[PDB]
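1. Next input, structure requested:
(chains A, B, C and D)
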Protein chains: 4
Amino acid sequence: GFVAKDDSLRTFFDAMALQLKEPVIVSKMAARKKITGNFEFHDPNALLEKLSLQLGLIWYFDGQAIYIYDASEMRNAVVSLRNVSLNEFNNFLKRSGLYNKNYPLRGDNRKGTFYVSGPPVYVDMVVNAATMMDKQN
Amino acid sequence: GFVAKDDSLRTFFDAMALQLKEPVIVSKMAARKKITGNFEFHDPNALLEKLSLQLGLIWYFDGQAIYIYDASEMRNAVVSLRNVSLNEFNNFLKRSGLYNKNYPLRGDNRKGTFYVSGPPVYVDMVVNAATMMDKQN
Amino acid sequence: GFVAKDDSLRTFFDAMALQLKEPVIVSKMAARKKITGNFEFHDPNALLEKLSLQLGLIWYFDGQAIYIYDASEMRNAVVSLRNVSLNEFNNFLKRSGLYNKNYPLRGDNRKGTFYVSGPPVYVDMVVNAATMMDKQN
Amino acid sequence: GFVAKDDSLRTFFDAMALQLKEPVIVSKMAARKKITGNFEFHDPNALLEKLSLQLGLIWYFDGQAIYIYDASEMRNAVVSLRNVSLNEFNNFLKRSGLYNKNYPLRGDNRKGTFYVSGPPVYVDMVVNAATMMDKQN
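-> Residues are numbered from 1 along each chain as shown, chains lettered A, B, ... in the order given. The protein structure is shown below:
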């Protein structure tokens, strides 16, 4: 529950996440809308999805921090390891705590190549893990 | 719905896009007209096409941002990959969310060459994706 | 037992640890919450787990200092010794005073490679001990 | 015997050691607690063990100076001489005036290698004696 005549969306998301003891990051563009009015009796997961639908936001949680971006920040990137086979790479990237539209990965036709489609922290985490796993191989 | 005795077209488009929670970009030339009067009971898609017809605008949406240019900004560019065949390149560029007059692509007679005809962000996105796909090949 | 209308979590943890003559470290992010109210008749181990659950903290004790981090600080790192076999390395790392979720280690599929998953002081201690044991071999 | 409403532990230990004409060193972390109240009729060895238990201190005496550290300062270090066999090295390190938990040494599995586990002045003295004995060999 929260009421306000006007505060930045960023502040609503920050207060929400902090109320639930969940570390949050909010992109500079994800936010920049304003919010006005009152939320009450709203289950937390429902507040997050409703805020995300109206402001066109996509979030990514990695068990540590809740990353909140504008949906328009989602991009595609291609990762093509040099020393390690893509099937082995996927075996290491794959996890039961993976989340998406925000963070989908899939093998593509390009030899030994996968495409990562999602928010910036997705692509950066998968790319860095990629480069390290490739250097080990 | 909106009324005004006079504001820059840019401001009408910005207020419109923001009213619908859609990230917008407006070229420096796309805008520079002025608008006067009132719109009401107008379905949003209809406001966009009517504004575009009168001011000679072409828009491009990529699922993230609505790019608005003057129609006179549309250009042609030729992309000729060095390592990848044009048929394979098209297979990667092609998408169900492609839009045009703003963003048409087609194979031409010039060997392993396609022509991209559309607004600047079209040509820049397709060219960059081109160069990357070619470097992978 | 402690009462306060408002002090930083960091100060509660510091006062707690010092009351029990236990050297403490508190990460810059582990803390930054505020605490309000009173604790009483609370067994010390219970205060630590309750503070940790509410503020999403993970602690690591090595017989010298109690390290307190936010749970979101836990990371994974891969150690691949060059001169020493991983089975021998584990024989040296293993101890009856090892603690985790904060500080788990396990062999992975990657040849002569283990993964260390836990708070920063975990990963730093195991990595440094690793490098030294490897230099000896 | 001593009374005080409040003085640094460091000062209690200093006054204690000086009362018994025993040169003392107190680490910067060993001390930094405060002491309040009175000790009386207390046998000196008993004062030392009680102060050490409450403040979590470990002491090391080498016949010259009483070194007082926090127990959390104890570390492990591996010494692997290059020219001298470890069995001969132990024959030289060993003494009837050796003290521990503060200063234990033992042969390990690593070839021609012992582990020294104890306070800083332990490890520094044994390491320096090690290097000299090795240079002689």
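2. what ranges do the strands span in chain A?
-> For chain A, the strands defined by DSSP state E occupy A:2-8, A:24-26, A:34-39, A:57-61, A:66-70, A:75-79, A:105-107, A:114-118.
3. Would you tell me which one of those strands is buried the most?
-> For the strands of chain A, average neighbour numbers computed from mean count of other CB atoms under 10 Å in any protein chain shown are highest in strand A:66-70, which has a mean of 24. From N, CA and C alone the C-beta is placed, and that goes for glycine too.
4. Look up which residues are beta-bridged to residue A:69.
-> For residue A:69, the beta-bridge partners are residue A:58 (DSSP bridges).
5. ok, it touching residue A:119?
-> Yes. Using CB atoms under 8 Å, residue A:69 makes contact with residue A:119 at a distance of 4.5 Å.
6. ok so, going back, now for the strands of chain A, which one comes closest to residue D:135?
-> For residue D:135, the closest of the strands of chain A is strand A:75-79, at 52.8 Å, according to CB to CB.
7. partner strands of the closest one, parallel or antiparallel?
-> Here strand A:75-79 is paired, per DSSP bridges, with strand A:114-118 (antiparallel).
8. Please compute how far the strand it pairs with lies from its chain's middle.
-> Mean C-alpha position of strand A:114-118 versus that of the full chain (CA atoms, centre = their mean, to the nearest Å) differs by 13 Å.
9. Now do that strand: everything it contacts.
-> A:58, A:60, A:74-79, A:86, A:89-90, A:100-108, A:122-123, A:126-127 (CB atoms under 8 Å, 6 or more residues apart in numbering or on different chains).
10. circling back to that earlier point, joint contacts of residue A:69 and residue A:119?
-> Residues touching both residue A:69 and residue A:119 (CB under 8 Å, 6+ apart) are A:58, A:60.
11. Report the separation between the residue in chain A positioned nearest to chain B and residue B:65.
-> Residue nearest to chain B within chain A: residue A:72 (2.9 Å; CB to the nearest CB). To residue B:65, residue A:72 is 5 Å away according to CB to CB, to the nearest Å.
12. Touching both of those two, which residues are there?
-> Residues touching both residue A:72 and residue B:65 by CB under 8 Å, 6+ apart: residue B:23.
13. okay but residue A:52 is in contact with residue A:58, surely?
-> Yes. Between residue A:52 and residue A:58 there is a contact under CB under 8 Å: 6.8 Å.
14. Show me what residue A:4 is bridged to.
-> Residue A:4 forms beta bridges with residue A:37, as assigned by DSSP bridges.
15. can you check the one 4 residues further on too?
-> Under the criterion DSSP bridges, residue A:8 forms beta bridges with residue A:34.
16. From residue A:87, how far off is the closest residue to residue A:123 other than its chain neighbours?
-> Closest residue to residue A:123 apart from its sequence neighbours, by CB to CB, 6 or more residues apart in numbering or on different chains: residue A:77 at 4.9 Å. Separation of residue A:77 from residue A:87 (CB to CB): 19 Å.
17. rewinding a little: might you report the residue contacts of the residue nearest to residue A:123?
-> By CB under 8 Å, 6+ apart, residue A:77 lies in contact with A:115-117, A:123, A:127.
18. Quick check: beta-bridge partners of it?
-> When bridges are called by DSSP bridges, residue A:77 pairs up with residue A:116.
19. Quick check: it vs residue D:50, distance?
-> Separation of residue A:77 from residue D:50 (CB to CB) stands at 64 Å.
20. cool, residue A:1 as well?
-> Distance of residue A:1 to residue D:50, computed by CB to CB: 54 Å.
21. ditto for residue A:59
-> In terms of CB to CB, residue A:59 sits 55 Å off from residue D:50.
22. same check, this time on residue A:112
-> Relative to residue D:50, residue A:112 is positioned 67 Å away (CB to CB).
23. Find the residue closest to residue A:122 in space, skipping its chain neighbours.
-> Closest residue in space to residue A:122, ignoring its immediate chain neighbours: residue A:103 at 4.1 Å, by CB to CB, 6+ apart.
24. hang on, the earlier thing: who has more neighbours, residue A:112 and residue D:50?
-> Neighbour comparison, residue A:112 and residue D:50: the larger count goes to residue A:112, with 16 against 12 (by other CB atoms under 10 Å in any protein chain shown).
25. which residues touch that one?
-> When contacts are counted by CB under 8 Å, 6+ apart, residue A:112 touches A:80-81, A:85-86.
26. and what of residue A:108?
-> Residue A:108 neighbours (CB under 8 Å, 6+ apart): A:78, A:114-115.
27. Closest one to residue D:16 out of those, please.
-> Within the contacts of residue A:108, proximity to residue D:16 (CB to CB) peaks at residue A:114, which comes in at 67.8 Å.
28. longest helix of chain A?
-> Ranked by residue count under DSSP state H, the longest helix found in chain A is helix A:120-136.
29. List of residues touching it?
-> With contact meaning CB under 8 Å, 6+ apart, helix A:120-136 is reached by A:25, A:27, A:60, A:62, A:67, A:69, A:73, A:75, A:77, A:79, A:81-84, A:89, A:92-93, A:102-103, A:105, A:116, C:78, C:80, C:110, C:113.
30. any idea of the angle it forms with strand A:114-118?
-> Here helix A:120-136 runs at an angle of 150 degrees relative to strand A:114-118 (axes from the mean of the first three to the mean of the last three CA atoms, to 10 degrees).
31. Kindly export helix A:120-136 (C-alpha atoms) in PDB.
-> C-alpha atoms of helix A:120-136 as PDB (Å, rounded to 0.1, in the frame of the first residue of the first chain):
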ATOM      1  CA  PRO A 120      21.300  -5.300 -20.700                       C
ATOM      2  CA  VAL A 121      22.300  -7.000 -17.400                       C
ATOM      3  CA  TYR A 122      21.200 -10.400 -19.100                       C
ATOM      4  CA  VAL A 123      23.300  -9.900 -22.000                       C
ATOM      5  CA  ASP A 124      26.300  -8.600 -19.900                       C
ATOM      6  CA  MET A 125      26.200 -11.500 -17.500                       C
ATOM      7  CA  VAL A 126      25.800 -14.200 -20.100                       C
ATOM      8  CA  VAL A 127      28.500 -12.700 -22.300                       C
ATOM      9  CA  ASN A 128      31.000 -12.400 -19.400                       C
ATOM     10  CA  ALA A 129      30.300 -16.000 -18.300                       C
ATOM     11  CA  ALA A 130      30.700 -17.000 -21.900                       C
ATOM     12  CA  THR A 131      34.100 -15.400 -22.400                       C
ATOM     13  CA  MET A 132      35.300 -17.000 -19.100                       C
ATOM     14  CA  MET A 133      34.000 -20.500 -19.900                       C
ATOM     15  CA  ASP A 134      35.600 -20.100 -23.400                       C
ATOM     16  CA  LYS A 135      39.000 -19.100 -21.900                       C
ATOM     17  CA  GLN A 136      38.900 -22.200 -19.600                       C
END
